[PDB]
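The primary structure of each chain is shown beneath.
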Amino acid sequence: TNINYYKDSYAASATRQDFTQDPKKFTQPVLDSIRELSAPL
Amino acid sequence: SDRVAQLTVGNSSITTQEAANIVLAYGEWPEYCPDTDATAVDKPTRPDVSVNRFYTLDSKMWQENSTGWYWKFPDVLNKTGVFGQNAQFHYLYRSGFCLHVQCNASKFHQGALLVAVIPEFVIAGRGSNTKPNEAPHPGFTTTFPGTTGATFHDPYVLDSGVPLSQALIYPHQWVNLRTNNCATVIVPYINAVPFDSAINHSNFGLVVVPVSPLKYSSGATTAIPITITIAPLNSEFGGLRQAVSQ
Amino acid sequence: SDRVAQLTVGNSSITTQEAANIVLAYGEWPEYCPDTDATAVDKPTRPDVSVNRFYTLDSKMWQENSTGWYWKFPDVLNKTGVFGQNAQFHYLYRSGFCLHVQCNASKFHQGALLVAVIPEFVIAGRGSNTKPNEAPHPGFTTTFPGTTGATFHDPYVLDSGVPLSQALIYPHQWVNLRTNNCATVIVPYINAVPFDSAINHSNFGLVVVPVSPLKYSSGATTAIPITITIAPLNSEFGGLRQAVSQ
Amino acid sequence: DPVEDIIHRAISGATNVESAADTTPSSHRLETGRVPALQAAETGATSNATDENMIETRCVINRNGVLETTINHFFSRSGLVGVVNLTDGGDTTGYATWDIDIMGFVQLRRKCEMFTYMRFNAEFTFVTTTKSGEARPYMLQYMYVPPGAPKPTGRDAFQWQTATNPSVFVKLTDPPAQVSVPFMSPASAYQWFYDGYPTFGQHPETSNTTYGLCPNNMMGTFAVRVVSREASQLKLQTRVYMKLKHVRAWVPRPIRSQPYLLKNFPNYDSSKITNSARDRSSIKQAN
Amino acid sequence: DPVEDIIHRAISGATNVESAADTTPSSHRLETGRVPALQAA
Ligand SMILES: CCCCCCCCCCCCC/C=C/[C@H](O)[C@H](N)CO
C-alpha cells in the first residue's frame, strides 16, 4: 500500500518486501540428487 | 554406479573409475543466448562439433612444496584448436565450459587439492605502496598466463587478498587421493553482458591449490602430474573481422 | 548398504563403515515391564534421554600376548553419568543394553576377537583346594571390576571352568580385522525377577577374548586400542531412597 | 528430413519461506544402511544432515523472523562514499570536483564486494558544513556532470548554466539535500571485479595500470561551488552519503581479508599478511 | 497436543514340528551370484 509522489518508479521506497530462498543452488549444486538419509557414494 | 562415469562431447570422450559425482555450477546449464537477452543484430555462428569438445593442456608436476596454479579460460584456448581461431576472427564470444581435473595416485599417497571456478578472478599487486602511481601491478603474463598457467606466490590469500578458507562459496570440488582421482565441474556462461570479447576479457579462473600437502613414503612413485581438461560448451561467436590475437 | 550403518539414542550417535550387521539377542527387543509381570506397586521412573544413550569407557590396548578382558554391565555404569546416579538412589532396576565394540586395524594386520554377552557370568576361584572353608574366592574387585574392567588369567576356561569353544551358545559376534572393524549386540533385560538391584546384582557380563592372536609386520602401527560403547536402553528405576553406592 | 542430424530444466526451484524452519520430534533409530551422518565433502555439496536425523529432538514451532537478512534490507543502510573539500578563498580555485567512486573507502566498499554483480538504484545525501562544523547562510550549487560533459574550469565558467546537467541549489543552513538516482550503467549490472582490459593492443609488463578497470562503472563527475560573483573566504567540507535501494545481487564471493591499500585496485602487502584469525596457545586448549 | 513429543514384533516365531525334516530332490546349478556356500561367521 505504498505511495510514489513522482512518475519515475525508481524514486520510490523499498517497495514490497519478499521472502525467497533456494539455497539448493549453493548448498547442493550436484547433478545426481543425494538423498539425505543414504550414503553419498 | 555413481562412482563410474563417462562424458562425451564432440569427438572426444572421458572415462573415470573413481570419480565423485559432478558439479553443475549455480544450478543452471549452458544455453544459447535467448532472443530477449540478445543485443547485437548480426546472426551469430554456432560451430558445434568443431569447437565444443575436450581440450587437454600441458600437465603440472605436483611436488611436496607446490603452492598451486591457476588459469583463465577464454585465454588458454585462444591460441589452440579451432576454438582459438574463431576467437581471433570474432569480436564477440559466449559459451559455457565443462571442466575436468585429473590427478592419479596410489592408495599409499595422501593429500588433497581444492579445485574451484571463481568468476571474474582478478589477481592483485603485491607490495606495501599506497601511492597509486608507484604501486606495483601484476604484469601482463601473470594476469593472462595462457596455456602454461601461472603459480601462486601466496595461495593463502589467493593473490586476491581474500581468504582461501571462504573459497568454498564458489562452485568447487575436492580431489582427495583416498576418495576420488578426478574433479568435474560444468560452468554456464556468466557475465554482465550477453556477449563479450574473448581476447580482452576473462570470464572466470580456475584454481588448483594443494590444501593438504603431498606426502608419501620412500620407494613410492615420486612424480605426480596434474592434468586439466576443458570443454568449451554450447559456444557462440559474432562480429566477424580480421584476426586480432592481442 | 548392509555394511554401513548408524545408530542413535539420546544425544549420542555412532557411525560405522565396515560393520557387519547387528545381533539382537534371543530375538527379542528391550521393553518396559508389563502390568502383569510387575510386582512392586510404586510408580517407576522412566528418565529416557538423560539415561538412555551411549557411554564410552576407557580403552584397552591389545598386545600380542593379550589374554582378554571382561566387564559387568550394571556395574561399569553405576559410578558414571546420570544413569549411575539413578542407580544409587533407587533400590530397583530394569533395562536392556545396546552394546558396541570397536577395534580398528590396517589391511596388513590380522587377528580375531570374540565378543560375547554371557548372562549371569560368575567368575570362579582358582586353586586345587577341595575344603570349602579354606577354598579361594575371587576377590571383590575381580568380581565387579568397575569401569576399568578385569583381565582373564586363563581365557580358555573363561575363568568359569567352562570351555570357551562353546561360548558361541551366547549372543555373540566376531570382529575380524579383515572383515569388520566393530561388533554390535542388543541385549534385552533378562533375569528371574521383574526388577533387581543394580549395585548388588550383575545381570550379564561381556567378554572380549583374542582367539586368534594379533600379528603384523615391522613398520606397521604397534598400538591397537580396543574401545567399548554401551547404551542402557529402555531403562526403569524404582524404590527411591538415599544414595547407597556399596 | 533430407538430412536427419540437423533435427535436434535447470535443477532446483525457489520456495517462499516467511519464517525460520521448525523442528519435528524424532526418536532413536537402530538399523543398518541408513546413515545421515556420513557425508562426502569431496562432491562439492554441503552436508544435508539435519537436526531430526542426528539426535532426538522435540517439536519446536519457530516464530523467529527471517526478514532482516534479505539483501534488500542489508543495503538499506546509508554510508559515506566520499568527502570533498572546498576552499573558495584560497588563491583562485573556487570550485571542487569529485569523480564518483563508491570504493573511496572501507565499510561500504567491503559490503558491496561480497557480490560480483549488483544492480540497484541509489539515493545520495549531501551533508555540508564548515571546517569548524558551524553553519552559515551561504548558497551552494551541486552539479552532476555525466561522462563526456565538460567540467567546470572556474567559478565563473559558463559550465554552471546547467541547461542540461541536473543541479541542486541549497543553502548551507537548510536540511541536507537528497536525490534519487536510477541504474545508469550501460551494461545490465554493475560489476566490482573486472578481469580484463578496457582496450585492445599491447599490455606492458612494467606498468599495467590499465588492467582491472571497468568502464561500465564510470558515472562521471560531481562538482560543487558557492554561488557569488566575488570569491568568499571560507573553508568547507561536503560529506556524501548514499542509500542503496531496489538492489539485486549475483554470484556471491568472499569478503576482503586484508587491509585495502588502494582505491581502484585490490592490492595488499605480502609481507604483512594478517592470517585472519587470532593467535592461540597450541591447540586442545580453548581459551 | 499442547506439547507433541509426549506423544510416542520380536523377530521370529515357533513352528510345531512333529518329525525330522525331509529332503527334496535337487540338481546341478551353473550360474552367477547365487552362492549358498559362502557364509559370514
Ligand atoms: C547531483 C549528484 C547526483 C550524482 C548521481 C551519480 C550516481 C552514480 C551512480 C551510482 C554509483 C555507481 C557505482 C559506482 C562505481 C564504482 O564506485 C567505480 N566507478 C568503480 O571503481
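Residues numbered from 1 in each chain as written, not as in the entry; some residues may be left out. Chains lettered and ligands numbered in written order. Part of a larger assembly, values for the part shown. Heavy atoms only, no water.

Overview of the overall build of chain B
Each helix and strand in chain B was counted, giving two helices and 13 strands. The globule rule puts the C-alpha radius of gyration for 246 residues at 18 Å, and the 19 Å found for chain B is close to it. Overall, chain B is about 60 × 55 × 30 Å in size when its C-alpha atoms are taken along their principal axes. For chain B, the residues scored as buried account for 57% of the 246 residues in total. Considering only contacts in chain B between residues 6 or more positions apart, those separated by 24 or more positions represent 84%. Just so you have it, chain B exposes about 10,500 Å², and 52% of that area is on carbon and sulfur atoms. The distance from the centre of the 14 positive side-chain charges to the centre of the 17 negative ones in chain B is 7 Å. (Helix = DSSP H or I, 4+ residues; strand = E, 2+ residues; numbered from the N terminus. Rg over C-alpha atoms; globule rule 2.2 N^0.38 Å. Buried < 20%, exposed > 50% of the residue type's maximum accessible area, 1.4 Å probe, protein only. Contact = heavy atoms within 4.5 Å. Areas by Shrake-Rupley, 256 points an atom, 1.4 Å probe, with all protein chains shown as cover. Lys, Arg positive; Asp, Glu negative; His and termini not counted. Charge placed at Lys NZ, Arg CZ, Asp CG, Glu CD.)

Structural notes on the interface of chain D and chain B
At the junction of the two partners, chain D supplies 46 residues and chain B supplies 60 residues. Both sides together, the interface formed by chain D and chain B hides about 4,400 Å², and carbon and sulfur atoms give 59% of it. The largest share of the area that chain D buries against chain B comes from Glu-42, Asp-195 and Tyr-268 of chain D, three residues that together contribute 17% of it. The interface formed by chain D and chain B includes one salt bridge. Residues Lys-72 of chain B and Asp-195 of chain D are paired through a salt bridge, measuring 2.6 Å at the closest nitrogen-oxygen approach. Counting across the chain D and chain B interface gives 19 residue pairs in polar contact. Elements that contribute at least two residues to the side of chain D that touches chain B include exactly β4 (115-130) and β10 (235-252) of chain D. Of the residues contributing to the side of chain D that touches chain B, the split by class is 22 nonpolar, 18 polar and six charged. (Buried area = accessible area lost by both parts, 1.4 Å probe. Salt bridge = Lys/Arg side-chain N within 4 Å of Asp/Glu carboxyl O. Polar contact = N/O pair within 3.5 Å; in protein donor to acceptor, adjacent residues only side chain to side chain. Nonpolar A, V, L, I, M, F, W, Y, C, P; charged D, E, K, R; others polar.)

Topic: the interface of chain D and chain A
Of the residues lining the interface, 33 residues belong to chain D; the matching set on chain A comes to 24 residues. Carbon and sulfur atoms supply 61% of the area that chain D and chain A bury against each other, a total of about 2,400 Å² over both sides. Sorting the residues of chain D by area buried against chain A places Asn-48, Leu-67 and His-246 of chain D first, and these three jointly supply 19% of that buried surface. Linking chain D to chain A there are zero salt bridges. Along the contact surface separating chain D from chain A lie eight residue pairs in polar contact. With three residues, the top contributor of residues to the side of chain D that touches chain A is β10 of chain D. Looking at side-chain class alone, the side of chain D that touches chain A contains 13 nonpolar, 16 polar and four charged residues.

Looking at the nonpolar core
One recurring pattern in soluble globular proteins: nonpolar side chains tend to sit buried together. Among the nonpolar cores identified, the biggest contains 60 residues, and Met-118, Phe-120, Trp-192, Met-242 and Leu-244 of chain D are the most heavily contacted of them. The dominant element in this core, judged by the number of residues it contributes, is β4 of chain D, at six residues. Among all residues touching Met-118 of chain D, those that are not within four sequence positions of it are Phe-75, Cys-112, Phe-183, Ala-189, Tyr-190, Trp-192, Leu-244, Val-247, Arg-248, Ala-249 and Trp-250 of chain D. The next biggest cluster of nonpolar side chains, apart from the first, holds 42 residues, and it includes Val-51, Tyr-55, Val-187 and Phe-204 of chain B. (Core = buried A, V, L, I, M, F, W, Y, C linked by side-chain atoms within 4.5 Å.)

Digging into the pairing of strand β2 (residues 12-16) of chain B
All names here are of chain B. Burial along β2 is one-sided: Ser-12, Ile-14 and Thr-16 are buried, and none of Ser-13 and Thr-15, which face the opposite way, are. The pairing of strand β1 (residues 5-9) with β2 spans five bridges and is antiparallel. Opposite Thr-8, over in β2, you have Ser-13 as the bridge partner. The antiparallel hairpin formed by β1 and β2 contains two residues in its connecting segment, where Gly-10 sits at a positive phi of about 55°. (Pairing = 2+ DSSP bridges.)

Regarding unusual backbone geometry
One non-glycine residue with positive phi stands out, namely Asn-234 of chain C, at about 65°. Residue position: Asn-234 of chain C is located in strand β13 (residues 225-240). The phi angle at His-246 of chain D is positive, at roughly 55°, despite the residue not being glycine. Tracing the chain through its elements places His-246 of chain D in strand β10.

Description of the environment of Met-139 of chain D
Residues and elements named next belong to chain D. Examined against the element boundaries, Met-139 turns out to sit in strand β5 (residues 139-145). What makes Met-139 partly exposed here is its relative accessible area of 33%. In the structure, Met-139 is positioned 33 residues away from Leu-172 in sequence and 5.8 Å away in space, judged by C-alpha atoms. Every residue in contact with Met-139, bar those within four places of it in the chain, is listed here: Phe-169, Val-170, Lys-171, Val-226 and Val-227.

Describing the arrangement of the chains
Counting contacts across all seven pairs of chains found in contact, the highest total belongs to chains B and D. When C-alpha atoms are compared, chain A and chain E, though not in contact, are closest at a spacing of 22 Å. Of all C-alpha pairs spanning chain B and chain E, none lies closer than 18 Å, and the two are not in contact.

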